[PDB]
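Below you'll find only one chain, the form deposited in one PDB entry, shown as structure tokens.
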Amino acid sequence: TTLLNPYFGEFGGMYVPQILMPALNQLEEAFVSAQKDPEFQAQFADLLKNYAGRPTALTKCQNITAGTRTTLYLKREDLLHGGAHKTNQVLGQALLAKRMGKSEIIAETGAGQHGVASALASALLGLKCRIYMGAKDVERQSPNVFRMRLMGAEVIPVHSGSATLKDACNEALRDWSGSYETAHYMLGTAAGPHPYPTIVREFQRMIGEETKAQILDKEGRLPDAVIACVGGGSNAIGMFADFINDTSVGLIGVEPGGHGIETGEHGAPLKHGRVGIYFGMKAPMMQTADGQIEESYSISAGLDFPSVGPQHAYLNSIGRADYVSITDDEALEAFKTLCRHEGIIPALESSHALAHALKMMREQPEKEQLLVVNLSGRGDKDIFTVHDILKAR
């Protein structure tokens, strides 16, 4: 029994061990209560404004689109405190934890951005944070691991399974299944068991709300399409949510194509995986023929996740959103193009969204179209990844 629908059509649900059901029910009840509480809303808005720096800008990119009939805006989540959109929802989840009387936070992280976001929110709000991270990721993300430790979080390497993100997800749930009475699990994307896909959407939806107000102000009309990269789905559902009922506005999600879909080395389960049940949800995922959860792949560590949030699978199934993929090389070219023509260094994750907008423009340069790309993060973290490839070229 739940207060809210745990499914988006066939997708979603609460596929956790029975021991965790009361934790999910408690979290759902606290969320529903918080959403009706003007004091909670005011506290959350105050942190977003005065600590994180909302509203983020909406930047018109004129140099990129010169000579075409594309008008392109970037929603500047790269300017949010922490350098990515993740900060929005970790602030809201930290406030929910405190609402429930919890003093401890557990989080998973792959690339480390969610771990850093969780650590910063926990430092600000007086929570004791522990972060699980696959040992292979710990090795390759020293800068983020050091940030987490500077902010007072405990970073716990995970050596089981593939020692990457999915194994950290498992370990966070294993810990929670024994510690839920005192700890909140701060899940890092719009995935996992209900109520997380709903909570993360609602704590990211200011992205799209602001974009709508900003584009109305600047252009006097809604966008023809909003475009966002899809790792687990949080930044994309945050951009999309407020537009879902504006039926003229296209919603385009961009999964990582890695070395190419045909190589199998990609992270595009929504369009090229198979529905399964894992991490608490029924959703498309990267899996072997037998049903073992497979590793995904992208040049961008932040998009390298073997499933997708269930609301995206649902929006795809009904045709409300379209999903495409962008390869490593396409994302790299978009990264270089934004640096050189707009003076903005985008996250490699976000560069997937930008690359698809550039393709929309270049393929049909006399098509009149007003596009918004969600620039989910900044790309300082990526300059050496980009260096090391451009060096080998």
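Just so we're on the same page, rigid core means the largest C-alpha set that superposes within 1.5 Å between forms. So that there is no doubt, residue numbering starts at 1 and follows the sequence shown.
The discussion below concerns the form deposited in another entry, not included here.
- After superposition on the rigid core, the C-alpha displacement between the shown form and the other one reaches 2 Å or more for just one residue among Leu72, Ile199, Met285, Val138, namely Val138.
- Relative to the superposed core, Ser296 undergoes a Cα shift smaller than 2 Å between the shown form and the other one.
- Core-superposed comparison between the shown form and the other one: CA of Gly250 displaced by less than 2 Å.
- Comparing the forms between the shown form and the other one on their rigid core, the Cα displacement of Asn316 stays under 2 Å.
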